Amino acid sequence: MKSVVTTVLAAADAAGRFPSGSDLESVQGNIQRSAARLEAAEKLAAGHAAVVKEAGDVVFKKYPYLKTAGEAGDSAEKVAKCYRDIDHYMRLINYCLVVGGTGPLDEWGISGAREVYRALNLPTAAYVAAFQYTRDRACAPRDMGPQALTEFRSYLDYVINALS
């Protein structure tokens, strides 16, 4: 799972090397940046219910066609799966912020996504609208400090780019 330490350890292992100065120094960076991203993680863990509801509501306000027959939100149960998916992604974002890298999103959210969404008629623009809204709705200092906001927005942008 990609993080500061697993990336330097995988490079060390490939070269048959003990950890050396640049490896330890990399881990120091992880120590420095942790306060900002763990602040963001904590805010998201405390506030996810309202974040997920706003994001889902925005999807269907932006794309009411999704509720029409033959589309991805054409039953209550499919509408709920959409909000569930948003919840899954926000949870994966919480995990990225805790780990300090994209591993959780890469492995559990992004890999295979395009194939699944294609097979199930799930337009990627719906997901993008959810994340773009979430990104731009958040503000510092109210919701978190400015560096925590940078961290939060970076993972949202990361998933937006993977889907667009």
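Residues carry their position along the shown sequence, with the first being 1.
- Residue-level temperature factors show residue 30 in the highest third of its chain, judged at the C-alpha atom.
- Ranked within its chain, residue 66 lands in the highest third, by CA B factor from the PDB record.
- In this PDB entry, the Cα temperature factor of residue 60 sits in the top third of its chain's modelled residues, the highest group.
- In the PDB entry, residue 137 places in the lowest third of its chain by CA B-factor.
- Residue 126: CA B factor in the middle third of modelled residues in this chain (values from the PDB entry).
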